[PDB]
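See structure below.
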Amino acid sequence: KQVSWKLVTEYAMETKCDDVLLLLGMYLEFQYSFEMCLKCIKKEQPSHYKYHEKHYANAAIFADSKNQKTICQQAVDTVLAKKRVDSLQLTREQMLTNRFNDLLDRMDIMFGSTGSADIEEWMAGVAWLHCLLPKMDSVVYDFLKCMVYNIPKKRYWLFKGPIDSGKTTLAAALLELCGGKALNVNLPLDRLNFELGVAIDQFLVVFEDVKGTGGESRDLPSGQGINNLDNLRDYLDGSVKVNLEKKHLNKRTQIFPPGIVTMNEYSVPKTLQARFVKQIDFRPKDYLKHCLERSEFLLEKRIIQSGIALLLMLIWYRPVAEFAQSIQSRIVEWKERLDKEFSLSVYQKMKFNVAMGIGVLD
Amino acid sequence: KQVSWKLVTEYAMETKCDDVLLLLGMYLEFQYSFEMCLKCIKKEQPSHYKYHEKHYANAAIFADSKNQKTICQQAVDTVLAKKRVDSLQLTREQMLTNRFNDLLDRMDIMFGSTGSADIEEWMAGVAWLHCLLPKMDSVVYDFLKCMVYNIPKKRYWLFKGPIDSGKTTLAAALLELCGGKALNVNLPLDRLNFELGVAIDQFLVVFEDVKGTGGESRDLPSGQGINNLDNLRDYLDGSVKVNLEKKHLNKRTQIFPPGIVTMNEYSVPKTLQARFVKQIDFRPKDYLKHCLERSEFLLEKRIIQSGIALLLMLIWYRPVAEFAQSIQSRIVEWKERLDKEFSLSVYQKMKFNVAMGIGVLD
Amino acid sequence: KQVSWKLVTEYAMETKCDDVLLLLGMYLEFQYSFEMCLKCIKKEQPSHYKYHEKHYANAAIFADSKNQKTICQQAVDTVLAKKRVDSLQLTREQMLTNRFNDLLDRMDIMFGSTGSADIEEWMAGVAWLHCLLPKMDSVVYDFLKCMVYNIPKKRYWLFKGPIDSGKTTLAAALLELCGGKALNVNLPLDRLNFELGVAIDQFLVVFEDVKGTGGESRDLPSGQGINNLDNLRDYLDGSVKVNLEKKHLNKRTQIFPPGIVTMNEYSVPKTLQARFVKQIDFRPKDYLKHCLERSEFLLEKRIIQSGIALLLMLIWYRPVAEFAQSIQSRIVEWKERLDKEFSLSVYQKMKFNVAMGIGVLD
Amino acid sequence: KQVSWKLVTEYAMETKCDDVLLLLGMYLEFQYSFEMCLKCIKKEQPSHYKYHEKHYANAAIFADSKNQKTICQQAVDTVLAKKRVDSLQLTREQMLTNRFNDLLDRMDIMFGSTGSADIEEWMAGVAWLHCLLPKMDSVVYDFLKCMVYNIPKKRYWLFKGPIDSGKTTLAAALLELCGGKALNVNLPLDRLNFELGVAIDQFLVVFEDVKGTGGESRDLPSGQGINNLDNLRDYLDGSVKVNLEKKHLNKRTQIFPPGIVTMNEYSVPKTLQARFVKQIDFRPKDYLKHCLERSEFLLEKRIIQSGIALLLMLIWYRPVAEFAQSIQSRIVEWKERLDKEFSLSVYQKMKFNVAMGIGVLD
Amino acid sequence: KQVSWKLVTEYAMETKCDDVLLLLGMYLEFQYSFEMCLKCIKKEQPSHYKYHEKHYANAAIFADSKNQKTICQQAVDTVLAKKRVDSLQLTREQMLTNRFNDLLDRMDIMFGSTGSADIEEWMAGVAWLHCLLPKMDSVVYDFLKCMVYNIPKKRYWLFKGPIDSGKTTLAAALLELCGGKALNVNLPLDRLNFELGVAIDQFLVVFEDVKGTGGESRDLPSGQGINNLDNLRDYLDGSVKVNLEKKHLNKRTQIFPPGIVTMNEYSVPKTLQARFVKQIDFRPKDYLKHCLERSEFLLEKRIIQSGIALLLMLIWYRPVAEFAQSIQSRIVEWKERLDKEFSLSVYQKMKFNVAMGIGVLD
DNA sequence: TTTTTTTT
Ligand SMILES: Nc1ncnc2c1ncn2[C@@H]1O[C@H](COP(=O)(O)OP(=O)(O)OP(=O)(O)O)[C@@H](O)[C@H]1O
Ligand SMILES: Nc1ncnc2c1ncn2[C@@H]1O[C@H](COP(=O)(O)OP(=O)(O)OP(=O)(O)O)[C@@H](O)[C@H]1O
Ligand SMILES: Nc1ncnc2c1ncn2[C@@H]1O[C@H](COP(=O)(O)OP(=O)(O)OP(=O)(O)O)[C@@H](O)[C@H]1O
Ligand SMILES: Nc1ncnc2c1ncn2[C@@H]1O[C@H](COP(=O)(O)OP(=O)(O)OP(=O)(O)O)[C@@H](O)[C@H]1O
Ligand SMILES: Nc1ncnc2c1ncn2[C@@H]1O[C@H](COP(=O)(O)OP(=O)(O)OP(=O)(O)O)[C@@H](O)[C@H]1O
C-alpha cells in the first residue's frame with residue numbers, strides 16, 4: 001500500500017517549506033500517533049499540530065519507504081516552482097501584500113493563545129521608534145511607496161550620521177518588514193561578484209557601513225565601499241537588467257532590487273549623490289539611551305529592531321485606506337485590538353516616558 | 001492511463017517556456033477545473049487562459065506522476081533545441097520578423113479588450129522620444145538595418161555624453177525592442193573574459209557606463225573600460241565566429257553580434273575613435289524635465305524605456321514599405337487604428353505640450 | 001526475507017550518528033553471533049553492547065545486501081534532518097539544556113562503576129579552577145547568560161593577560177561546555193573569508209590569540225588580526241544576518257554566534273574596546289604553577305581543560321533554580337551524589353592545599 | 001515499431017554534428033511528412049532536405065520516445081570518438097589538407113550567394129601584395145612546405161628591416177593562413193614558461209619583435225629579449241621534446257612547433273642566426289604605401305590582412321599539382337570560378353597601378 | 001549462478017585492500033586456473049597465492065559480470081568502514097599493538113622459507129643501531145611509551161647534530177615503526193596551512209631539519225622554520241584541539257599528533273626548548289663510518305632505515321612481560337627463534353667489530 | 001568540472 005506523494009506535496013505547499021531536510025525532518029514526526037503526540041498536547045508548533053492528525057495515516061507508510069528523499073525532492077520543487085511563477089507574475093504591490101499576510105500570521109501566533117509575546121512590551125517599541133525621528137510613520141509610507149513603484153534611477157535612500165544613532169536599528173526593522181538581504185560592498189573587486197549574486201530574486205537589499213576615503217579627517221577608517229559603489233552605478237540605476245551568479249550555476253538576469261545604504265559621515269562625490277532619491281541624517285539623543293537602560297526588554301527581545309514593531313506603528317498611525325482591499329479585513333481586527341488594550345492615555349504615558357528618558361513602563 | 005509528454009512539449013513550444021521550474025509550476029496550475037478557474041475568469045494571464053481548458057485533462061494525469069521534473073526536462077529541451085536550430089538557420093531578417101511577431105503579440109494583449117493601458121500615454125512617449133534629437137525615428141531604421149547587415153566597424157556605436165542625457169534610455173529602449181543583453185566591462189579582465197560569453201544566439205548587445213582612465217578634466221569616474229573595449233577587438237570586428245564561454249553547459253563559437261557602447265565624455269585615442277559606424281554625442285535639453293515632472297505617469301509604467309514605445313514611433317513615422325510582407329498584413333491593419341484613436345491634432349497638441357514643458361496630456 | 005531499513009534508521013537515531021561510514025562500520029559489527037560477541041561480553045563500547053542483541057537478526061541480512069551504502073545514506077539523512085528541525089525551532093535555552101543532558105549522560109558513564117574516572121581527581125580539578133579567578137562560578141553563570149541571551153552589541157567578552165596565564169585553558173573548557181569552534185583570524189583578508197565560514201550554526205565561537213601591532217617594547221610579536229577585527233564589527237555586533245561560505249558550497253545566511261576573543265597583552269583601539277561587554281584580566285600566579293607541577297594528573301587527564309569540570313563546578317556552587325526546569329531532577333540527584341562523596345571539609349582541604357602550592361591531594 | 005539508435009548515429013556522422021541539442025533539434029524536424037516538407041520544397045538547407053525522406057519513418061517513432069537525449073548523447077559520443085581516433089594519426093599534410101578546406105567553405109559563402117565579399121577588391125589586395133617583395137608566391141610556397149617537413153634546425157624564418165616595412169602585417173596575415181599564435185619574450189625569464197605553453201599542439205607559432213639589445217643606438221626598444229631568446233637553443237632546432245606549462249594545470253612535453261621570428265634592424269649574434277633557414281629583409285617602398293593610401297578599402301575590408309588573400313594568391317599563381325593532392329580538384333573549381341572573372345591582364349593592370357603607386361583599381 | 005559480493009568483501013578485508021582499482025585488478029587474476037598459475041607456483045606474492053585457490057570459483061563468475069566496479073566499491077567501503085570505527089574507538093596502545101602484528105606478519109614471510117632476507121644480516125642491523133647511541137634500546141622503549149601516553153606538554157623530542165650524523169636514519173625507522181608522516185616547516189608562513197594538513201589523523205609526525213637564524217656563524221644556511229615553531233606552541237603542547245585543512249576539503253579538528261623535530265645545531269629560543277621533553281645529540285663517529293664501508297649490504301638493502309630492524313632490537317633487548325599482552329605469545333616464539341639463531345657470543349663479537357670499524361662479519 | 005587552487 002503506497003505513499004501518497006500528493007499529500008506530501010500539499011503539506012509543503014501549506015507550510016511553504018523551502019528545504020528538503022526541513023521537510024523530511026518534520027514529516028517524520030507525524031509517524032507517531034497524533035493521539036499521544038506530546039507536542040500537539042503542548043501546542044508548541046503550528047506547522048506540526050495543525051497537521052499531525054490529517055497526515056498521520058500517510059506518515060506511517062512513509063516511515064517504511066525506501067524512496068524517502070525523492071518524495072521530498074518533488075515536494076520542494078513544487079514550492080520553488082510556485083515561487084518562480086509568482087515572482088514572474090505578481091505586481092510588487094501584491095508581493096508586499098503577501099509579505100504583510102506572513103507577518104500578520106506570525107503576529108496572530110505571537111499574541112495568540114500561546115500568547116508568548118506581551119503586547120505591552122511590543123507597543124513600547126512603537127513609541128520609541130515614533131520618537132526617534134519626526135513624522136516617523138509618514139516617512140515609512142514614503143519608503144514603502146518608492147519600493148513598490150521601483151521608479152528607475154530613483155531607487156535608494158541614504159542613511160547617514162555619527163555612530164550609535166539608530167540607523168542600522170531602523171534599517172533592520174525595515175528589512176524585516178519587507179523581504180530582503182544585507183550585502184557587503186567593502187570588499188576587493190573580485191570578491192564582490194558571487195556576493196552581489198545573493199540579491200537574486202530578493203525584494204530589498206541593504207548595504208552597510210560602506211567605507212569612504214580620507215575619512216581620518218573625521219576619525220573614520222578609510223576603505224573601499226564608496227569607491228566600489230561608484231563602479232556599481234548600473235546596478236543602482238536599476239535602469240537595465242544586470243547579470244547575477246552562483247557557484248556551479250549559470251547566471252540569471254534581472255533588474256536589481258531597490259534598497260538602503262548606511263554611512264558614517266564620510267564625504268561622497270556628487271556624481272554619486274545624484275543617484276539617491278533622498279537622504280536622512282540621524283543624530284544622538286541622550287534621553288533615548290537612558291530609556292533603553294531602564295527598559296532592556298526593548299533590546300533583549302530585539303523589539304526596537306523588528307519589522308513587527310514597524311508594522312504595529314503603521315497599523316496605529318495610518319488610515320485603513322493606505323492598505324490594499326484584501327488586507328483591510330485583517331487591518332480592521334488588529335486596529336481594534338490595539339485600541340481595546342492601549343487607551344490613548346496608555347500610549348501617552350509611554351511616549352511621555354520615552355521623551356522624559358524615564359523607563360517606559362510604570 | 002499515462003501522461004502525454006507530447007502535449008507537455010506542445011505547451012512548452014507554444015509558450016516558448018525555456019525554464020524547467022517555470023514550466024513545472026505553470027503546468028501544475030492546469031490541474032484544477034478550468035470551468036472553475038478564477039484566472040481564466042479574470043483573463044488574468046494569456047499564457048494561462050488560452051491553454052487551461054486544453055491541457056486540463058493531461059495535467060490531472062501529470063498531477064499524480066512521479067517523473068515530474070524529468071517530463072519537464074525533455075519538453076524544455078525541445079524549446080532550446082528549436083531556438084538553436086532556428087538561430088543557426090534563419091536569416092537575421094527572418095529573425096526580426098519573428099521578434100516583431102513577438103512584440104505584436106504583446107501589443108495585441110496590452111490594448112486588448114482590457115485596455116490595460118491607454119495608448120495616448122504611450123504616444124505621449126513617442127513625442128517625448130522623437131523630439132529628442134534630429135530626425136529621431138529615422139535613426140532606428142538605420143540602426144536596425146545595420147544590425148542585419150554586418151560589416152567591420154559598421155557594427156558598433158558610441159553613445160557618448162554627459163550626465164542625464166538620455167543615452168541609457170535610448171539604449172534601454174533599443175534593447176527591449178530587439179532582444180539581446182547588456183554588459184559591464186569596467187569590471188575586470190577575468191570577469192570580462194567570461195562575460196563576453198553571454199552572446200549565445202543573441203541578436204544585439206550594449207555596454208554600460210563605460211569609463212576611461214582620463215577625463216579628470218571633466219572630473220569623470222574613470223577606469224579601464226576604455227582600454228578593455230579597445231582590446232576586445234575580435235568581438236568588435238566580428239570578422240569570424242568566436243568562442244562564447246559557458247559553465248557546466250555546452251559552450252559555442254558564433255559570430256559576435258553588433259551592438260552599442262554607452263560611455264561618458266572621456267578623451268579617446270583617434271584610432272580608438274576610428275572603430276564605428278558613428279558616434280552620437282548626447283546632450284541635455286531643458287523642456288524634457290518639466291514635461292516629465294507633470295507627465296509622471298510615464299515612469300511608473302516605464303514607458304520611455306520600453307521597446308514597444310519605439311515600435312509605436314516606428315509605426316508612426318515609417319511607410320508601410322519599411323516592413324516584411326508577412327507582417328505587412330498585421331502592420332497595415334494595426335496601423336489603421338492610430339487614426340481612429342488619434343486625429344493628428346492630438347499628436348500635434350501632445351508634442352507641443354512636451355515642447356512647452358507641460359503635462360503632455362490635455 | 002528482507003532488510004528492515006527502519007531498524008537501521010532507529011540505530012542511527014539512538015546513537016545520534018552522522019557519518020555514513022561510522023554508521024556502516026558500526027552496523028556491520030552486529031552480524032556475528034550475539035551469544036559469542038566478545039565485545040558484548042567484555043562490556044567495552046556501549047554503542048555496541050546495548051544494541052548487538054536487538055539488531056543481530058537484521059544485521060545478518062544487511063551483511064548480505066547488495067545495496068549497503070544507500071541504506072546507510074537514508075539513515076544519516078534522518079539524523080541530519082532532526083538537527084535541521086532543531087536548529088530552526090529551539091530556543092537558545094533549550095539548546096543549552098540538550099547539551100547539558102548529553103554531558104550529564106557522559107558524566108554518568110565516567111563515574112559509573114563500569115566507568116573509569118576518579119571523581120576525587122575530577123573534583124580536584126575544580127579547586128584549581130576556582131582559584132584561577134575571583135568568584136569563578138559566578139563569572140561562569142554571567143557568561144552563560146550572556147550567550148543564552150545573545151543581546152546585540154552585547155555579545156563578546158575579551159580575555160587578556162600575559163602568556164601562561166590560563167586564558168586558552170578556560171576558553172577550551174567553556175567551548176567544550178557549550179559546543180562551538182575556535183577560529184584564527186591572524187590571516188590575510190582573502191583566506192579569512194573561508195575561515196569565518198567555520199562558524200556555521202555553532203553556538204559559541206572562540207577567536208584564538210589575535211595579534212596586535214607595534215609593542216616590540218611590550219615584547220609582543222606584531223600581526224594583523226586586530227586590524228581585521230576592526231573591519232569585522234558587523235560580525236561582532238550580531239545586529240543583522242550575514243553570509244557565510246564553504247568550499248564548493250553556496251553562501252549561507254545567518255546571524256553570527258556570540259563568543260570570546262583571546263589576546264596577549266596588546267594595546268586595543270578604543271573602538272574594539274567599546275565593542276566588548278566585559279574584559280577579564282588573567283594573571284600568572286606562582287602557587288598555581290607549583291601546585292600544578294605537584295598535581296600533574298590534572299594535566300595528564302586533561303581535567304583542567306574539560307567542560308565536564310566546569311559543569312561539576314556549577315552543580316556544586318549554583319542553586320538548583322538557576323538551572324532550566326526539566327534538568328533540575330537530574331541536577332538534584334548529582335548534588336546528592338556529590339554530597340554523599342565529598343564533605344565540605346574535603347573541598348576546603350583541597351582549596352587550602354592549592355593555596356599552599358602543595359599537591360592538591362593529601 | 002522502435003527507434004533505431006543506428007539511424008540516429010548515421011545522421012550524426014554524416015552531419016558530423018558535435019552538439020546534442022543541435023542534433024536533437026535537427027532530427028525532430030524530420031517527424032513531419034517529408035512529402036510536403038517546406039524546407040524540402042524550398043531547398044534552402046541540404047543538411048535537412050537530403051535526409052528527411054529516409055529518416056522520416058524513424059523520426060516519428062523518435063518524436064514519441066521518452067529517452068530522446070540519451071539517444072542523442074550516444075550519437076555525439078560516436079562523432080567525438082571518431083575525431084579523437086583520427087586526430088591521433090595525422091601527417092602534417094593531412095593537417096594542412098584539413099585546415100585548407102575551411103577557407104574554401106567560407107569563400108563559397110563570402111563570395112557565394114551571400115556574397116558579402118567583393119571578389120574584385122579582394123583580388124585587388126592579392127595583386128597589391130604581390131609587389132611587396134620578390135616572387136612572393138614561390139617565396140610562400142617554399143616557406144610553407146618547410147612547415148610540413150619540419151626538419152630539425154630547418155624550421156624558422158627571420159624578418160628584418162625597419163619600422164613600417166610590413167613585417168608585422170605579413171606575419172599576422174600568415175598567422176591567419178595557418179592558425180597558431182605569437183608570443184612575447186621581453187619579460188623576466190620566469191614569466192616565459194606559461195607563455196611558451198601556448199605553443200602546445202599549435203600547428204605553427206610566432207615570436208614578436210625581440211626588444212633586442214644592440215638596438216639602443218639604433219633607437220629601437222632594446223634589452224634582454226634577444227639574450228632571452230639566445231637561451232632557447234634547443235626548442236628552435238627542434239631535435240628533441242621539451243616541457244611546457246600552464247596556469248592551474250600540470251606540465252606537458254612536445255616537439256615545439258616550427259615558426260617565425262619577426263624583427264627590426266637589430267644586432268644578431270651569430271649564435272642565433274645559425275638557427276635560421278632564411279633571413280628576409282623588408283624594405284619600405286613608397287609606391288606600396290601610397291597605393292594603399294589611394295586604395296584604403298583594403299584596410300577596412302581587412303583584405304590584405306586576410307589569410308584567404310594569401311591562399312587566393314597561391315590559388316591564382318601556383319600550379320594545380322602543388323596543392324593537396326585530392327583537394328586540387330576543389331582548387332580547380334575555385335580557379336575556374338575565379339579565372340572566368342579575372343584575366344592576367346586585369347591582375348596585371350592592378351600590378352601596374354600599385355607599382356606606380358597609383359590607386360589599385362580603374 | 002551469481003557473484004558472491006561477500007567473498008569479494010572478505011578478500012578485501014583480509015588483504016586490507018583500500019583501493020578500488022587495486023582490488024579490481026587483484027581479483028581478476030584469480031580467473032585463471034590456480035593449478036597452473038605461475039604466480040602461485042613461484043610464490044611471488046602472498047596476497048595472491050594464499051587466496052587464488054579459494055576465490056577461483058567466484059572469480060570466474062565475476063569475470064562475466066557487468067557490475068564489476070560496483071562490487072569493488074561496496075567491498076572497499078567495508079574496508080574503509082572498519083578504519084573509521086577503529087580510529088574513533090581504539091586506545092593508542094591498541095593502535096600500536098595492531099601495528100606490531102602487521103610488521104611481525106611480514107617478518108614471518110620475510111625470514112620464512114620463501115623469505116629472501118638473512119636474519120643474520122638483519123641482526124647486523126641491530127648491532128649497528130645499538131652502537132649509534134648509548135642505551136639505544138632503552139631510548140626506544142621510553143620514546144614509544146611517551147608516544148603511547150601522549151601526555152600534553154610532554155609530547156615532543158628534539159634531535160640535534162652535525163650533518164651525516166644519523167638523525168634522519170633514526171627518525172625514518174621510528175616513523176616506519178609507528179606509522180606517521182614527515183613535514184617541512186621551513187616554508188613561508190602562508191603555505192603552512194596545507195603542510196600541517198598532512199598531519200591529519202597521523203599517529204606520529206616528524207618535522208624535518210628546521211633551519212634557524214644566523215647559523216652561517218657555523219656555515220649553516222638560514223630560513224624561517226624556528227620562528228614558525230615559536231608560533232605553533234599549542235600544536236606542540238597538545239592540550240587543545242586544532243583545525244586542519246586539505247586542498248579542496250573543509251577543515252577538520254583534532255589533537256595534533258606527538259612527534260620528533262630534527263635540526264643542525266642552530267641556537268634554540270628557550271621558548272621552544274621548554275616545549276621539548278628531551279634533547280638527544282647526534283654526533284658523527286669514525287668507527288661507524290669505517291665499519292659501514294665494509295658492511296655495504298646494510299645500506300644497499302636499506303637495513304638500518306627500516307622499522308623492522310627496531311622491532312628486532314626491541315624483541316632482543318626488552319623482557320617478554322614488557323609488551324602488550326595479546327602479542328606476548330608471538331614474542332615468545334620469536335625470542336626462541338632468535339636465541340636459537342645466535343649465541344650471545346656471536347652477537348657480542350659483532351658489536352666489537354663495529355667498535356673496530358672493521359666489517360661486521362667474520 | 002568547477003571551484004579551489006594557483007597565480008599572483
Ligand atoms: N538617536 C540616538 N541617540 C542616542 N542613542 C541612540 C540613538 N539611536 C540609537 N541609539 C543607540 O545606538 C545603539 C546602536 O544602534 P544602531 O546600531 O542602530 O546605530 P548606528 O548608528 O546605525 O550604528 P552602526 O553604524 O555602528 O551600525 C542602539 O542600540 C541605541 O542604544
Ligand atoms: N537629454 C536629456 N536632457 C536632460 N535630462 C535628461 C536627458 N536624457 C535623460 N535625462 C534625465 O536622465 C534620466 C535618466 O535618463 P537616461 O538614463 O537615459 O540618461 P543618461 O544620460 O543616459 O544617464 P546617465 O548620465 O546616468 O548615463 C531621465 O529620466 C531624465 O531625468
Ligand atoms: N594563573 C596561572 N598561573 C600560573 N601558571 C598558569 C596559570 N594559568 C595557566 N598556567 C600555566 O600555563 C599553562 C598554559 O595554559 P594556557 O594555555 O591556558 O595559557 P594561556 O596564557 O592562555 O596561553 P596562550 O596565551 O599561549 O594561549 C598551563 O598548563 C599552566 O601550566
Ligand atoms: N613594404 C612597405 N612599403 C612601404 N610602407 C610599408 C610597407 N609595409 C608596411 N608599410 C607601412 O608600415 C605600416 C605598418 O606596417 P607593419 O606593422 O606591417 O610594419 P613593420 O615593419 O612590421 O612595422 P614596425 O616595425 O614599426 O612595427 C603600414 O601601415 C604602412 O603604412
Ligand atoms: N653517527 C654517524 N657516524 C658516522 N656516519 C654516520 C652517522 N650517522 C650517519 N652516518 C652516515 O651518514 C649517512 C646519512 O645519515 P643520516 O641521513 O641519518 O644523517 P643526518 O645527520 O641525520 O643527515 P641530515 O641532517 O642531512 O638529514 C649515513 O648513511 C651514514 O653513511
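Identifiers in this document derive from the order of the C-alpha cells: chains are assigned A, B, ..., residues are numbered from 1 separately in each chain, and ligands are numbered from 1 in order of occurrence.
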
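When DSSP reads the backbone of this structure, the residues of region 42-222 of chain E it assigns to strand (DSSP E or B) are residues 156, 157, 158, 159, 160, 180, 181, 182, 183, 204, 205, 206 and 207 of chain E.
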
Item to check | Expected selection as a list in words for ligand 2 within 7 Å, only C-alpha atoms (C1' of nucleotides) and all ligand atoms | outcome: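 With only C-alpha atoms (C1' of nucleotides) and all ligand atoms and a cut-off of 7 Å, ligand 2 is contacted by residues 153 and 239 of chain A; 132, 161, 162, 163, 164, 165, 166, 167, 168, 169, 170, 209, 282, 283, 284, 285, 286, 288 and 289 of chain B.
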
Next on the checklist: as JSON, numbers by chain, could you give me every residue of chain B near chain D (at most 12 Å apart, counting only C-alpha atoms)?
Outcome noted: {"B": [3, 4, 5, 6, 7, 9, 10, 67, 70, 71, 72, 73, 74, 75, 76, 77, 78, 79, 80, 81, 82, 83, 84, 85, 86, 87, 88, 89, 90, 91, 149, 150, 151, 152, 153, 154, 237, 238, 239, 240, 241, 249, 250, 251, 252, 253, 274, 275, 276, 277]}

Take the residues that were just selected and, keeping N, CA and C atoms, output them as a short mmCIF file (atom, residue, chain, number, x, y, z; two decimals), in the first residue's frame.
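Result file again-v6.cif:
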```cif
data_model
loop_
_atom_site.label_atom_id
_atom_site.label_comp_id
_atom_site.auth_asym_id
_atom_site.auth_seq_id
_atom_site.Cartn_x
_atom_site.Cartn_y
_atom_site.Cartn_z
N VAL B 3 0.74 9.95 -18.75
CA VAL B 3 0.99 11.31 -19.21
C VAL B 3 1.40 11.32 -20.67
N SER B 4 0.86 12.27 -21.44
CA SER B 4 1.39 12.58 -22.76
C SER B 4 2.49 13.62 -22.64
N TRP B 5 3.74 13.17 -22.70
CA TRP B 5 4.86 14.08 -22.80
C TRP B 5 4.77 14.95 -24.05
N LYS B 6 4.09 14.45 -25.09
CA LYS B 6 3.86 15.24 -26.30
C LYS B 6 3.08 16.51 -26.02
N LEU B 7 1.89 16.38 -25.43
CA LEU B 7 1.10 17.55 -25.05
C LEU B 7 1.87 18.50 -24.14
N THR B 9 5.09 19.05 -24.26
CA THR B 9 6.07 19.78 -25.06
C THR B 9 5.40 20.78 -25.97
N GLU B 10 4.21 20.46 -26.46
CA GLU B 10 3.46 21.42 -27.27
C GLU B 10 3.13 22.69 -26.49
N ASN B 67 7.42 11.36 -12.17
CA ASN B 67 8.51 11.70 -13.07
C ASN B 67 8.59 13.19 -13.36
N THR B 70 11.52 15.11 -14.71
CA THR B 70 12.06 14.50 -15.92
C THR B 70 11.18 14.80 -17.13
N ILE B 71 9.86 14.75 -16.95
CA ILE B 71 8.95 15.11 -18.03
C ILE B 71 9.23 16.53 -18.52
N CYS B 72 9.37 17.47 -17.59
CA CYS B 72 9.63 18.85 -17.96
C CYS B 72 10.95 19.00 -18.70
N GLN B 73 11.99 18.31 -18.24
CA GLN B 73 13.30 18.49 -18.85
C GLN B 73 13.28 18.16 -20.33
N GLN B 74 12.71 17.02 -20.70
CA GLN B 74 12.63 16.68 -22.12
C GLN B 74 11.87 17.75 -22.89
N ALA B 75 10.75 18.21 -22.34
CA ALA B 75 9.94 19.22 -23.03
C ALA B 75 10.71 20.52 -23.22
N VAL B 76 11.33 21.01 -22.15
CA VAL B 76 12.12 22.24 -22.25
C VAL B 76 13.23 22.09 -23.28
N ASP B 77 13.87 20.92 -23.34
CA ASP B 77 15.00 20.78 -24.26
C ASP B 77 14.58 20.96 -25.72
N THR B 78 13.38 20.53 -26.10
CA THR B 78 12.93 20.81 -27.46
C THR B 78 12.74 22.30 -27.69
N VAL B 79 12.38 23.05 -26.65
CA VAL B 79 12.30 24.50 -26.78
C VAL B 79 13.67 25.07 -27.12
N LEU B 80 14.68 24.71 -26.32
CA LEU B 80 16.04 25.16 -26.57
C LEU B 80 16.53 24.68 -27.93
N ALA B 81 16.29 23.41 -28.24
CA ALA B 81 16.79 22.86 -29.49
C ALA B 81 16.20 23.60 -30.67
N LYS B 82 14.89 23.84 -30.63
CA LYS B 82 14.25 24.65 -31.66
C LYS B 82 14.92 26.01 -31.75
N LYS B 83 15.08 26.67 -30.61
CA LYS B 83 15.65 28.00 -30.56
C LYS B 83 17.03 28.05 -31.20
N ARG B 84 17.83 27.02 -30.98
CA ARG B 84 19.18 26.97 -31.54
C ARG B 84 19.20 26.58 -33.02
N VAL B 85 18.39 25.61 -33.43
CA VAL B 85 18.28 25.32 -34.86
C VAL B 85 17.82 26.58 -35.59
N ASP B 86 16.81 27.24 -35.05
CA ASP B 86 16.30 28.47 -35.65
C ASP B 86 17.39 29.53 -35.71
N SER B 87 18.12 29.70 -34.61
CA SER B 87 19.20 30.67 -34.58
C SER B 87 20.19 30.45 -35.71
N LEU B 88 20.59 29.20 -35.92
CA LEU B 88 21.57 28.91 -36.95
C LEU B 88 20.99 29.13 -38.35
N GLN B 89 19.80 28.61 -38.59
CA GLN B 89 19.31 28.51 -39.96
C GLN B 89 18.60 29.76 -40.47
N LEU B 90 18.00 30.57 -39.60
CA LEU B 90 17.25 31.72 -40.08
C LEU B 90 18.15 32.91 -40.38
N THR B 91 17.81 33.62 -41.45
CA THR B 91 18.39 34.92 -41.72
C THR B 91 18.02 35.91 -40.63
N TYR B 149 22.69 43.80 -41.59
CA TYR B 149 23.85 43.81 -42.49
C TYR B 149 25.15 44.06 -41.72
N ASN B 150 25.82 42.99 -41.30
CA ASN B 150 27.05 43.12 -40.52
C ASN B 150 28.26 43.48 -41.38
N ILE B 151 29.03 44.49 -40.97
CA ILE B 151 30.30 44.85 -41.62
C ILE B 151 31.31 45.36 -40.58
N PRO B 152 32.62 45.14 -40.78
CA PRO B 152 33.61 45.64 -39.81
C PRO B 152 33.55 47.15 -39.57
N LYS B 153 33.72 47.52 -38.29
CA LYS B 153 33.41 48.85 -37.75
C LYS B 153 31.94 49.20 -37.91
N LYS B 154 31.37 48.85 -39.06
CA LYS B 154 29.97 49.03 -39.36
C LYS B 154 29.15 47.98 -38.62
N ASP B 237 35.24 43.32 -34.07
CA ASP B 237 35.32 43.16 -35.52
C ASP B 237 34.25 42.21 -36.04
N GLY B 238 33.98 41.13 -35.32
CA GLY B 238 33.09 40.09 -35.80
C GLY B 238 33.54 39.43 -37.09
N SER B 239 34.79 39.64 -37.50
CA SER B 239 35.27 39.17 -38.79
C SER B 239 35.33 37.64 -38.88
N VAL B 240 35.16 36.94 -37.76
CA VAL B 240 35.00 35.49 -37.75
C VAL B 240 34.16 35.14 -36.53
N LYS B 241 33.56 33.95 -36.56
CA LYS B 241 32.89 33.43 -35.37
C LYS B 241 33.89 33.12 -34.26
N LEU B 249 27.65 23.80 -19.06
CA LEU B 249 26.75 23.69 -20.20
C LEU B 249 27.59 23.84 -21.46
N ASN B 250 27.04 23.42 -22.60
CA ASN B 250 27.78 23.42 -23.87
C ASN B 250 28.04 24.85 -24.37
N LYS B 251 29.32 25.26 -24.32
CA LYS B 251 29.79 26.48 -24.96
C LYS B 251 29.66 26.38 -26.49
N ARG B 252 29.83 27.51 -27.17
CA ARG B 252 29.75 27.52 -28.62
C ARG B 252 30.64 28.62 -29.20
N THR B 253 30.89 28.51 -30.51
CA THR B 253 31.56 29.55 -31.30
C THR B 253 30.59 30.12 -32.34
N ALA B 274 38.31 55.52 -34.28
CA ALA B 274 38.17 55.03 -35.66
C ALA B 274 37.72 53.57 -35.74
N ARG B 275 36.53 53.29 -35.20
CA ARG B 275 36.11 51.91 -34.99
C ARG B 275 34.62 51.64 -35.25
N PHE B 276 33.87 52.57 -35.83
CA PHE B 276 32.41 52.56 -35.69
C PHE B 276 31.72 52.83 -37.01
N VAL B 277 30.39 52.68 -37.01
CA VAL B 277 29.58 53.46 -37.95
C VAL B 277 29.69 54.94 -37.60
#
```

Checklist entry - Near residue 196 (chain A), counting only C-alpha atoms (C1' of nucleotides), which residues have an atom at most 9 Å away, once you skip same-chain residues fewer than 4 positions from it, shown as a ChimeraX atom specification? => result /A:183-185,192,200,244-245

Next on the checklist: What are the residues of chain D lining chain F at 12 Å or less? Count only C-alpha atoms (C1' of nucleotides), and put the answer as a list in words.
Outcome noted: residues 191, 194, 246, 247, 248, 249 and 250 of chain D

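Separating CA of residue 156 (chain E) from CA of residue 198 (chain C) is a distance of 29.4 Å.
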
Checklist entry - Can you tell me, as a PyMOL selection string, what residues are no more than 6 Å from region 117-131 of chain D when counting only C-alpha atoms (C1' of nucleotides), ignoring any on the same chain fewer than 6 positions away? => result chain D and resi 110-111+303-304+309+313+351
